[PDB]
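Inspection log for the structure reproduced underneath, given as structure tokens.
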Amino acid sequence: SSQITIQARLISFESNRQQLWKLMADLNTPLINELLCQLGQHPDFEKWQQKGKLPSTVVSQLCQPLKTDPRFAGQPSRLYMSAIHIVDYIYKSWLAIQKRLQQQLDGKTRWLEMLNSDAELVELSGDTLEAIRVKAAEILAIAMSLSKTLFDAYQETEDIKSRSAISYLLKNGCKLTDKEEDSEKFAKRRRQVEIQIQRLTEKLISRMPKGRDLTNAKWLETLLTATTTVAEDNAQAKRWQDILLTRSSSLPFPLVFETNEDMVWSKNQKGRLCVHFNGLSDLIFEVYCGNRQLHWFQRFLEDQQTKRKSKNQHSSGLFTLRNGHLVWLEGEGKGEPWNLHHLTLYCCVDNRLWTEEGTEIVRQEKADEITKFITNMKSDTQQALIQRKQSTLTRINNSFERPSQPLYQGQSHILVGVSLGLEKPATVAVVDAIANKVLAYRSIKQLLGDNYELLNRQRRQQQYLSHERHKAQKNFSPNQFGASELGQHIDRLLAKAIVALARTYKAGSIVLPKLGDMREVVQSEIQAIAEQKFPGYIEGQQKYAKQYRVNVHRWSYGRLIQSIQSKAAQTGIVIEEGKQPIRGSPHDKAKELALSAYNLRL
DNA sequence: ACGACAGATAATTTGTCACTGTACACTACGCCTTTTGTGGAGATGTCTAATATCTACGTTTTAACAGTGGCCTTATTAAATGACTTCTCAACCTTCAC
């Protein structure tokens, strides 16, 4: 996770900002909207959902006739390209989501079929429980990936004895068990799977990507319709209401510049770094950044100047800058939108390209990938692709003469396990795995140190700000706020503390748990309990454990994992994934998480 | 011869009267002992109703709270917020413009 974003304000005189706003809002965003509409109507759309993959070129092909439609014709080539990238990534995202959800629904539907109680397994096997227990002992002795191997063994073995023995073996977590099945805990575990299947089935009714209408013409024409026309029935009037409540999108889609050299850097005579974008060189924007990021923007000019001095004998494949996003940030107050909103550039950089040693890491990664490509790839334009790839492979050998910082060296036998929990967001154990000894624990309080008071602040603000929103909603007041930025701050403080401890003990890796989807587990567990406690009373079921379900939906385990992954990559510490045990305290969970990831190395 | 007539005669008792021996001399029912049935205290032994004491019999009363039972409507779409997921993160070459 070595890619990170740095940002700066872009400043320019009003006519440059107005011209860019009108390009984005009047042409580029309407084009994106049109591409999303046409792409969702394509005759292959239903087979793209089955593959879960979009064709590499279909957005580019749809955009070609639109580039000369009077609605969209006025744009530079890179703005059409940006619109293509926006639309292509949206569907690459959405088709990947739907594909995995469909696989989850199919997987659990098979499990629901093969989850049979011992009373059902007796009939469906025709064998006594001891007989299927012995047959499961044989099938386990052959399947010795074990879970998948049993799922593979189940499907084509139509022999109901072995098929039931696999069912019995899978019910217990791929192992034998002597103890009797508690019939109500089984019936609950069956009911959980039905709820999960239903909730997956409902999630697969997701909407197609909606776009951003900045005119909101549909709202005003619906208002005129609903006020002067009789609704033909309740369903038309409901559709009218649903439109009238829909909020207006203020801001256009950002521009995306996937060619780092489509940002051209310079220093003006007042000494400020400046940038202009390919196709819009007349609009000079001035960089206004914090000094904590200035060294990156200075590097972008130095990388640009280095390759010009070498007459392009360097490769921009090793430019520290990777891509840019050009974004309008919503301004407070009033004005024309190019005056109200603040133009902001977000630059992706790869942190390894800062140093010379890290650049050598990237160079070999580039060289191996391109040598693979050239070997596997072998038309005129496809031969031109090979020649560009071969030019890259030649030019990445030329050095940028970057700062030298020796790479981190961590001991392979020292690991940090990080236990994640709802009550204690992180707990760490430094384990010496060949010694099987814990070198150090730290609690959440020791990780946060002097910041530990922020953790009670978060809980207190989450309560307070929720209640103030609840009160504000009843007044239709816009003053609705929350603690997300404090929560993000805490997760970043924890990430830095964990990695600093890992560096201090020379740990080779940080071990993080494969939590899965905690929210759908908790939500289906609690619903199965509540349906027994409040039969036929839906509101009673939804009130049951409401605050626990809320707490689990706020638990930011993904954001914390992501923050740890970024900080570890910036110091070259390996991340490993392990299985967090359910037994024990957060300290013991962290220790056994660490040691299991060591033993799982094969 | 004996004894047998009437009457003598030696007893026998009746009655006188001088003499003398004696008590009157105040001087026993009184002193003393033992038994003994009746009687007067006065230490001591006899043995109860009863007015408690002295706990328990257990029996009510409380409140605490535990368990049963009724009710609670459910859907769509938009918005805000908090999150999750996915995708992306070229580069050399050509052409026309001073």
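Lettering and numbering for the structure tokens are positional, with chains as A, B, ... in the shown order, residues counted from 1 in each chain, and ligands counted from 1 in the shown order.
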
Chain A residues near chain B (7 Å cut-off, only C-alpha atoms (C1' of nucleotides)) as a tab-separated table (two decimals) with N, CA, C and O atoms, in the first residue's frame:
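The result, written out as iface-v3.tsv:
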chain	number	residue	atom	x	y	z
A	89	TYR	N	-14.31	3.20	-14.51
A	89	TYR	CA	-14.03	2.77	-13.14
A	89	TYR	C	-15.30	2.59	-12.32
A	89	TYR	O	-15.36	1.70	-11.47
A	90	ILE	N	-16.32	3.42	-12.54
A	90	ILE	CA	-17.61	3.22	-11.90
A	90	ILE	C	-18.16	1.83	-12.18
A	90	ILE	O	-18.55	1.10	-11.25
A	92	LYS	N	-16.46	-0.83	-13.50
A	92	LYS	CA	-15.53	-1.81	-12.96
A	92	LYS	C	-15.78	-2.06	-11.48
A	92	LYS	O	-15.70	-3.20	-11.00
A	93	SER	N	-16.07	-1.00	-10.73
A	93	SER	CA	-16.47	-1.12	-9.33
A	93	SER	C	-17.80	-1.86	-9.18
A	93	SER	O	-17.88	-2.87	-8.48
A	94	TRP	N	-18.84	-1.37	-9.84
A	94	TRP	CA	-20.19	-1.90	-9.65
A	94	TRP	C	-20.31	-3.35	-10.11
A	94	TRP	O	-20.95	-4.16	-9.44
A	96	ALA	N	-17.87	-5.55	-10.22
A	96	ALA	CA	-17.16	-6.36	-9.23
A	96	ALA	C	-17.98	-6.59	-7.97
A	96	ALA	O	-17.96	-7.69	-7.40
A	97	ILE	N	-18.71	-5.57	-7.50
A	97	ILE	CA	-19.57	-5.74	-6.34
A	97	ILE	C	-20.66	-6.78	-6.60
A	97	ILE	O	-20.84	-7.72	-5.83
A	242	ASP	N	-40.93	10.89	-4.57
A	242	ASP	CA	-39.56	10.39	-4.54
A	242	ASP	C	-38.61	11.29	-5.33
A	242	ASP	O	-37.45	11.47	-4.93
A	245	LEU	N	-38.24	14.80	-3.30
A	245	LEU	CA	-37.34	14.72	-2.16
A	245	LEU	C	-35.87	14.55	-2.54
A	245	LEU	O	-35.00	14.76	-1.69
A	246	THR	N	-35.57	14.16	-3.77
A	246	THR	CA	-34.20	13.92	-4.20
A	246	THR	C	-33.39	15.22	-4.17
A	246	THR	O	-33.82	16.24	-4.71
A	258	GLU	N	-4.52	10.47	-15.86
A	258	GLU	CA	-3.72	9.26	-15.67
A	258	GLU	C	-2.32	9.36	-16.26
A	258	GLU	O	-1.49	8.50	-15.96
A	259	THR	N	-2.04	10.35	-17.10
A	259	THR	CA	-0.67	10.62	-17.55
A	259	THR	C	-0.07	11.69	-16.65
A	259	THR	O	-0.53	12.84	-16.65
A	316	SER	N	9.24	8.49	-17.48
A	316	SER	CA	8.21	8.92	-16.55
A	316	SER	C	7.53	7.76	-15.83
A	316	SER	O	6.72	8.00	-14.92
A	317	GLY	N	7.84	6.52	-16.20
A	317	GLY	CA	7.49	5.36	-15.40
A	317	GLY	C	8.09	5.35	-14.01
A	317	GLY	O	7.59	4.63	-13.14
A	322	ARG	N	2.22	9.92	-9.94
A	322	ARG	CA	1.55	8.84	-10.65
A	322	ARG	C	0.35	9.32	-11.45
A	322	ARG	O	0.26	9.04	-12.65
A	323	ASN	N	-0.57	10.05	-10.82
A	323	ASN	CA	-1.72	10.63	-11.51
A	323	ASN	C	-2.24	11.82	-10.70
A	323	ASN	O	-1.82	12.04	-9.57
A	348	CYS	N	-1.69	11.45	-6.67
A	348	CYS	CA	-1.16	10.18	-6.21
A	348	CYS	C	0.35	10.14	-6.43
A	348	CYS	O	0.84	10.44	-7.51
A	388	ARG	N	6.81	0.96	-27.53
A	388	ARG	CA	6.71	1.80	-26.33
A	388	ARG	C	7.08	1.05	-25.05
A	388	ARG	O	7.73	1.61	-24.17
A	480	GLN	N	-26.67	19.31	10.88
A	480	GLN	CA	-26.48	17.91	11.22
A	480	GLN	C	-25.02	17.52	10.98
A	480	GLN	O	-24.53	17.65	9.86
A	481	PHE	N	-24.35	17.07	12.04
A	481	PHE	CA	-22.90	16.88	12.05
A	481	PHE	C	-22.55	15.55	12.71
A	481	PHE	O	-23.39	14.91	13.35
A	482	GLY	N	-21.30	15.13	12.55
A	482	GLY	CA	-20.86	13.90	13.19
A	482	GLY	C	-19.36	13.83	13.38
A	482	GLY	O	-18.60	14.71	12.96
A	484	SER	N	-17.01	11.63	12.37
A	484	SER	CA	-16.20	10.81	11.47
A	484	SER	C	-14.73	11.24	11.41
A	484	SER	O	-13.84	10.39	11.39
A	553	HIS	N	-22.18	-1.41	13.31
A	553	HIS	CA	-22.14	-0.64	12.07
A	553	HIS	C	-21.23	0.58	12.14
A	553	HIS	O	-20.83	1.09	11.08
A	554	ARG	N	-20.90	1.08	13.32
A	554	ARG	CA	-19.92	2.15	13.45
A	554	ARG	C	-18.49	1.66	13.60
A	554	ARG	O	-17.56	2.44	13.37
A	555	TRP	N	-18.29	0.41	14.00
A	555	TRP	CA	-16.96	-0.14	14.23
A	555	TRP	C	-16.11	-0.03	12.96
A	555	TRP	O	-16.37	-0.70	11.96
A	556	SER	N	-15.08	0.81	13.01
A	556	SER	CA	-14.29	1.16	11.83
A	556	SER	C	-13.05	0.28	11.67
A	556	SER	O	-11.93	0.76	11.58

If you run DSSP on the backbone, which residues of segment 304-552 of chain A are alpha helix (DSSP H), as an MDAnalysis selection string?
chainID A and resid 304:309 337:340 356:377 380:395 444:448 453:474 484:504 518:533 538:543 546:552

Output file for the residues above (C-alpha atoms, as a compact mmCIF listing (two decimals), in the first residue's frame):
# COMPACT_ATOMS: atom_id res chain seq x y z
CA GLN A 304 10.06 16.92 -15.09
CA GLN A 305 13.29 18.92 -15.48
CA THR A 306 15.46 15.79 -15.18
CA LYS A 307 13.78 14.10 -18.15
CA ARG A 308 13.91 17.29 -20.24
CA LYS A 309 17.63 17.71 -19.52
CA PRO A 337 -19.63 28.44 -8.25
CA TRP A 338 -16.17 29.06 -9.72
CA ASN A 339 -15.74 31.69 -6.98
CA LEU A 340 -17.57 29.91 -4.15
CA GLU A 356 16.86 5.84 -4.55
CA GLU A 357 16.62 2.42 -2.87
CA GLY A 358 12.83 2.43 -3.18
CA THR A 359 13.11 3.55 -6.80
CA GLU A 360 15.27 0.48 -7.48
CA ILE A 361 12.49 -1.63 -5.96
CA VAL A 362 9.96 -0.03 -8.32
CA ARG A 363 12.35 -0.31 -11.28
CA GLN A 364 12.64 -4.09 -10.89
CA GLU A 365 8.88 -4.40 -10.39
CA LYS A 366 8.40 -2.39 -13.60
CA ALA A 367 11.04 -4.35 -15.52
CA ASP A 368 9.63 -7.76 -14.58
CA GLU A 369 6.07 -6.70 -15.42
CA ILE A 370 7.05 -5.24 -18.82
CA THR A 371 9.31 -8.17 -19.73
CA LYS A 372 6.38 -10.47 -18.96
CA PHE A 373 4.10 -8.25 -21.09
CA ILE A 374 6.44 -8.13 -24.11
CA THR A 375 6.99 -11.90 -24.01
CA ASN A 376 3.27 -12.69 -23.77
CA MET A 377 2.02 -10.01 -26.16
CA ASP A 380 0.77 -1.87 -36.53
CA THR A 381 -0.58 -0.25 -33.35
CA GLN A 382 0.09 -3.45 -31.38
CA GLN A 383 3.67 -3.40 -32.67
CA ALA A 384 3.81 0.26 -31.60
CA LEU A 385 2.68 -0.88 -28.14
CA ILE A 386 5.60 -3.32 -28.01
CA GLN A 387 8.00 -0.56 -29.06
CA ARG A 388 6.71 1.80 -26.33
CA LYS A 389 7.04 -1.02 -23.78
CA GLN A 390 10.60 -1.72 -24.93
CA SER A 391 11.43 2.00 -24.71
CA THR A 392 10.12 2.03 -21.12
CA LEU A 393 12.15 -1.08 -20.24
CA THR A 394 15.29 0.59 -21.62
CA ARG A 395 14.76 3.99 -19.99
CA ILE A 444 -5.27 0.62 23.51
CA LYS A 445 -4.44 3.13 26.27
CA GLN A 446 -0.69 2.61 25.86
CA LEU A 447 -0.92 2.86 22.06
CA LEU A 448 -2.78 6.19 22.25
CA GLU A 453 -8.59 10.92 26.07
CA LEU A 454 -9.66 11.22 22.40
CA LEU A 455 -11.22 7.76 22.70
CA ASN A 456 -13.72 8.78 25.40
CA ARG A 457 -14.27 12.00 23.43
CA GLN A 458 -15.28 9.93 20.39
CA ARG A 459 -17.86 7.87 22.30
CA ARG A 460 -19.21 11.03 23.95
CA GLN A 461 -19.44 12.98 20.68
CA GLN A 462 -21.03 10.06 18.82
CA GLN A 463 -23.80 10.03 21.44
CA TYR A 464 -24.15 13.82 21.60
CA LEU A 465 -24.02 14.56 17.86
CA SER A 466 -26.50 11.77 17.04
CA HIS A 467 -28.99 13.22 19.52
CA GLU A 468 -28.49 16.76 18.20
CA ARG A 469 -29.11 15.48 14.66
CA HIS A 470 -32.25 13.66 15.83
CA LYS A 471 -33.49 16.91 17.38
CA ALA A 472 -32.44 18.95 14.32
CA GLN A 473 -34.20 16.61 11.86
CA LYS A 474 -37.58 17.23 13.54
CA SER A 484 -16.20 10.81 11.47
CA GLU A 485 -13.09 13.03 11.34
CA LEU A 486 -12.29 12.34 15.00
CA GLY A 487 -12.71 8.62 14.34
CA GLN A 488 -10.35 8.87 11.37
CA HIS A 489 -7.84 10.76 13.54
CA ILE A 490 -7.90 7.99 16.17
CA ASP A 491 -7.34 5.23 13.60
CA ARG A 492 -4.32 7.11 12.21
CA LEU A 493 -2.88 7.62 15.70
CA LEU A 494 -3.22 3.88 16.35
CA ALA A 495 -1.64 3.02 12.99
CA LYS A 496 1.42 5.17 13.72
CA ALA A 497 1.74 3.74 17.24
CA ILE A 498 1.55 0.13 16.01
CA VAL A 499 4.17 0.68 13.30
CA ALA A 500 6.49 2.60 15.64
CA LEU A 501 6.36 -0.30 18.10
CA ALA A 502 7.02 -2.73 15.23
CA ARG A 503 10.08 -0.69 14.21
CA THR A 504 11.28 -0.51 17.81
CA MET A 518 -18.72 -8.38 10.78
CA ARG A 519 -21.89 -6.36 10.13
CA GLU A 520 -23.79 -9.04 8.21
CA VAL A 521 -22.76 -11.69 10.74
CA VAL A 522 -23.97 -9.60 13.69
CA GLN A 523 -27.10 -8.46 11.85
CA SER A 524 -28.17 -12.03 10.99
CA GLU A 525 -27.25 -13.41 14.44
CA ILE A 526 -29.30 -10.76 16.27
CA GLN A 527 -32.27 -11.12 13.89
CA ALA A 528 -32.37 -14.90 14.42
CA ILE A 529 -32.43 -14.34 18.19
CA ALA A 530 -35.02 -11.55 17.96
CA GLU A 531 -37.39 -13.59 15.78
CA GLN A 532 -37.55 -16.17 18.58
CA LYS A 533 -38.06 -13.52 21.26
CA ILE A 538 -41.23 -6.84 13.58
CA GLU A 539 -40.75 -3.62 15.57
CA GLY A 540 -39.88 -5.62 18.67
CA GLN A 541 -37.30 -7.53 16.64
CA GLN A 542 -35.79 -4.31 15.27
CA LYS A 543 -35.66 -2.71 18.73
CA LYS A 546 -30.56 -1.98 18.40
CA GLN A 547 -27.62 -0.18 20.04
CA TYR A 548 -25.30 -3.18 19.65
CA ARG A 549 -26.19 -3.37 15.95
CA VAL A 550 -25.53 0.38 15.68
CA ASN A 551 -22.19 -0.01 17.48
CA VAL A 552 -21.18 -2.79 15.07

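As for atom CA of residue 153 of chain A and atom CA of residue 130 of chain A, they are spaced 20.6 Å apart.
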
Using only C-alpha atoms, which of A:243, A:431, A:255, A:574 sits nearest residue 408 of chain A?
A:574

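Between atom CA of residue 347 of chain A and atom CA of residue 6 of chain A lies a distance of 5.4 Å.
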
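Pairwise distance (atom CA of residue 44 of chain A, atom CA of residue 253 of chain A) equals 25.8 Å.
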
Using only C-alpha atoms (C1' of nucleotides), which protein or nucleic acid residues come within 10 Å of residue 510 of chain A? Drop anything in the same chain fewer than 2 positions from it, and give the result as a list in words.
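Within the cut-off, the hits are residues 414, 415, 416, 417, 418, 428, 429, 430, 498, 499, 502, 507, 508, 512, 564, 565, 568, 573, 574, 575, 576, 577, 594 and 597 of chain A.
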
Take the residues that were just selected and, keeping N, CA, C and O atoms, output them as an mmCIF file, in the first residue's frame.
data_model
loop_
_atom_site.group_PDB
_atom_site.id
_atom_site.type_symbol
_atom_site.label_atom_id
_atom_site.label_comp_id
_atom_site.auth_asym_id
_atom_site.auth_seq_id
_atom_site.Cartn_x
_atom_site.Cartn_y
_atom_site.Cartn_z
ATOM 1 N N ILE A 414 10.199 -12.103 14.380
ATOM 2 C CA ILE A 414 9.494 -11.187 15.271
ATOM 3 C C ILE A 414 8.285 -10.631 14.536
ATOM 4 O O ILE A 414 8.415 -10.055 13.451
ATOM 5 N N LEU A 415 7.105 -10.810 15.127
ATOM 6 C CA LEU A 415 5.846 -10.382 14.539
ATOM 7 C C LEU A 415 5.076 -9.549 15.552
ATOM 8 O O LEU A 415 5.162 -9.782 16.757
ATOM 9 N N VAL A 416 4.320 -8.575 15.054
ATOM 10 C CA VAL A 416 3.315 -7.873 15.846
ATOM 11 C C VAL A 416 1.926 -8.346 15.440
ATOM 12 O O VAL A 416 1.512 -8.155 14.293
ATOM 13 N N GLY A 417 1.207 -8.968 16.372
ATOM 14 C CA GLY A 417 -0.200 -9.269 16.172
ATOM 15 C C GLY A 417 -1.051 -8.124 16.682
ATOM 16 O O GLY A 417 -0.821 -7.615 17.778
ATOM 17 N N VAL A 418 -2.038 -7.725 15.886
ATOM 18 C CA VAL A 418 -2.965 -6.657 16.253
ATOM 19 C C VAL A 418 -4.365 -7.242 16.363
ATOM 20 O O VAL A 418 -5.002 -7.543 15.346
ATOM 21 N N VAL A 428 -2.022 -4.965 20.813
ATOM 22 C CA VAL A 428 -0.892 -5.537 20.096
ATOM 23 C C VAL A 428 -0.072 -6.427 21.016
ATOM 24 O O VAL A 428 0.066 -6.172 22.216
ATOM 25 N N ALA A 429 0.460 -7.497 20.432
ATOM 26 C CA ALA A 429 1.479 -8.340 21.041
ATOM 27 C C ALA A 429 2.676 -8.437 20.107
ATOM 28 O O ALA A 429 2.530 -8.834 18.949
ATOM 29 N N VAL A 430 3.851 -8.070 20.601
ATOM 30 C CA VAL A 430 5.101 -8.390 19.924
ATOM 31 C C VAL A 430 5.530 -9.777 20.378
ATOM 32 O O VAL A 430 5.775 -9.997 21.568
ATOM 33 N N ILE A 498 1.276 1.540 16.300
ATOM 34 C CA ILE A 498 1.545 0.134 16.007
ATOM 35 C C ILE A 498 2.818 -0.031 15.183
ATOM 36 O O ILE A 498 3.648 -0.900 15.462
ATOM 37 N N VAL A 499 2.987 0.790 14.152
ATOM 38 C CA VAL A 499 4.168 0.681 13.304
ATOM 39 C C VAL A 499 5.430 1.145 14.025
ATOM 40 O O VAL A 499 6.504 0.559 13.851
ATOM 41 N N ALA A 502 6.433 -1.722 16.120
ATOM 42 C CA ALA A 502 7.019 -2.727 15.234
ATOM 43 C C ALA A 502 8.454 -2.387 14.843
ATOM 44 O O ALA A 502 9.334 -3.251 14.871
ATOM 45 N N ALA A 507 10.340 -5.836 14.337
ATOM 46 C CA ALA A 507 9.424 -6.844 13.831
ATOM 47 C C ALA A 507 9.524 -6.945 12.315
ATOM 48 O O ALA A 507 9.641 -5.939 11.612
ATOM 49 N N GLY A 508 9.485 -8.178 11.809
ATOM 50 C CA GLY A 508 9.438 -8.383 10.375
ATOM 51 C C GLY A 508 8.090 -8.087 9.754
ATOM 52 O O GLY A 508 8.015 -7.703 8.586
ATOM 53 N N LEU A 512 -2.606 -8.780 10.933
ATOM 54 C CA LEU A 512 -3.950 -8.245 11.064
ATOM 55 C C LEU A 512 -4.985 -9.349 10.864
ATOM 56 O O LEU A 512 -4.745 -10.300 10.119
ATOM 57 N N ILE A 564 -3.213 1.138 9.024
ATOM 58 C CA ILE A 564 -2.047 0.324 9.353
ATOM 59 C C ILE A 564 -1.313 -0.131 8.095
ATOM 60 O O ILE A 564 -0.082 -0.059 8.025
ATOM 61 N N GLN A 565 -2.045 -0.615 7.093
ATOM 62 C CA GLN A 565 -1.415 -1.036 5.842
ATOM 63 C C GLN A 565 -0.611 0.084 5.182
ATOM 64 O O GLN A 565 0.501 -0.151 4.702
ATOM 65 N N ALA A 568 2.599 0.885 7.430
ATOM 66 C CA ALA A 568 3.581 -0.188 7.321
ATOM 67 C C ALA A 568 4.288 -0.196 5.968
ATOM 68 O O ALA A 568 5.494 -0.446 5.898
ATOM 69 N N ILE A 573 7.490 -2.419 6.298
ATOM 70 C CA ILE A 573 7.102 -3.553 7.131
ATOM 71 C C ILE A 573 6.038 -4.367 6.403
ATOM 72 O O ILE A 573 5.074 -3.811 5.866
ATOM 73 N N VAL A 574 6.213 -5.690 6.380
ATOM 74 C CA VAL A 574 5.249 -6.581 5.742
ATOM 75 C C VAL A 574 3.959 -6.635 6.554
ATOM 76 O O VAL A 574 3.981 -6.646 7.789
ATOM 77 N N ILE A 575 2.823 -6.656 5.862
ATOM 78 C CA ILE A 575 1.540 -7.006 6.462
ATOM 79 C C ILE A 575 1.217 -8.459 6.147
ATOM 80 O O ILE A 575 1.346 -8.902 5.001
ATOM 81 N N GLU A 576 0.800 -9.199 7.168
ATOM 82 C CA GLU A 576 0.295 -10.555 7.033
ATOM 83 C C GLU A 576 -1.118 -10.628 7.590
ATOM 84 O O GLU A 576 -1.475 -9.893 8.513
ATOM 85 N N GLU A 577 -1.927 -11.512 7.017
ATOM 86 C CA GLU A 577 -3.280 -11.758 7.492
ATOM 87 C C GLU A 577 -3.342 -13.091 8.221
ATOM 88 O O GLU A 577 -2.819 -14.097 7.734
ATOM 89 N N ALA A 594 -0.722 -13.493 16.073
ATOM 90 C CA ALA A 594 0.658 -13.384 15.601
ATOM 91 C C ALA A 594 1.301 -14.749 15.371
ATOM 92 O O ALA A 594 1.886 -14.996 14.312
ATOM 93 N N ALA A 597 -0.118 -16.737 12.317
ATOM 94 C CA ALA A 597 0.413 -16.242 11.049
ATOM 95 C C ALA A 597 1.848 -16.686 10.803
ATOM 96 O O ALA A 597 2.235 -16.929 9.656
#

Members of segment 224-364 of chain A assigned strand (DSSP E or B) by DSSP, as JSON, numbers by chain
{"A": [255, 256, 257, 263, 264, 265, 266, 267, 273, 274, 275, 276, 277, 285, 286, 287, 288, 321, 322, 323, 324, 325, 326, 327, 328, 329, 342, 343, 344, 345, 346, 347, 348, 349, 350]}

Nearby residues (only C-alpha atoms (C1' of nucleotides)) at most 10 Å from residue 150 of chain A, same-chain spacing under 2 positions excluded, as a list in words:
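Contacts, with the query itself left out: residues 139, 140, 142, 143, 144, 145, 146, 147, 148, 152, 153, 154, 155, 163, 166, 167, 169, 170 and 174 of chain A.
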